[PDB]
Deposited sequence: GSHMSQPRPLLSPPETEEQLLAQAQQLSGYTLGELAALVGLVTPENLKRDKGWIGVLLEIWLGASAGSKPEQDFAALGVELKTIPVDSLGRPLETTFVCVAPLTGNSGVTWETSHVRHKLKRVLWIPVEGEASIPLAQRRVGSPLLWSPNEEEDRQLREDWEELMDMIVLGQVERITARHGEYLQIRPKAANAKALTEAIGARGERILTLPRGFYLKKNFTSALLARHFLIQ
């Protein structure tokens, strides 16, 4: 296959292109666009993203205005998620007044191109294969699941309790771990940078429905 030279202006072209990548390994795809494949993503957390973006044309930049977020999902040998999925940085400061409706999380997850990719540690990066892509939007239930988790997490941040957030917070979405934040007393604190992540139950559910369409 050949990478798109200009950003796609229709979801049809974006999806068709994504589909051309299925079956190929990351090494094969990286080589086809003159890119070297790192030994692991420890150094470049967003390497796979840079690569898929090149392929998907990411002439019509913001003009294309597709509003589609690309998200790769490392999966096991059975197509199941291996880890939580990073959504976006969690704002520890500012952004006061934000609500679920006006949140960057809801905005980022409005339209997503999910690309499953093998991710089991035993498989060298260059040998991991790309699976079948998904073009998704949360249904009413998924949006509710995210809203409730988002509201609980953000309220803690706004109340200066970011350091109190743990894996116990959030049924489908969590905030995972120096940057400035709001302290429990309103004092300014320095803490680990945080981010919003989708849990494996949420991403597994949407990946599963992809094989049950009728």
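When the deposited sequence is numbered from 1, the segments without any C-alpha atom are 1 to 6, 65 to 69, 189 to 195.
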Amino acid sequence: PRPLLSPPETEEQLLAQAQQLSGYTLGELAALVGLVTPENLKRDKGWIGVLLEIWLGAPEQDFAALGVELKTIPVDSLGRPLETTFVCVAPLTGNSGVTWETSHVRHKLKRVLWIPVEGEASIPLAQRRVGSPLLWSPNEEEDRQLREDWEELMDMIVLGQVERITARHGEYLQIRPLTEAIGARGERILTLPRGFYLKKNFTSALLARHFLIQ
From here on, numbers count along this sequence of modelled residues.
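Higher mean CA temperature factor between 106 to 114 and 93 to 101: 93 to 101, per the PDB entry. The mean Cα B-factor in the deposited entry runs higher for 190 to 198 than for the other of 190 to 198 and 16 to 24. Based on the entry's C-alpha B-factors, the most elevated value among 153, 146, 58, 68 belongs to 58. The residue among 173, 178, 31, 51 whose C-alpha carries the highest B-factor in the deposited model is 178.
Among the modelled residues of its chain, residue 208 has a C-alpha B-factor that falls in the lowest third according to the deposited record. Annotation for residue 142: CA B-factor lies in the lowest third of the chain's modelled residues.
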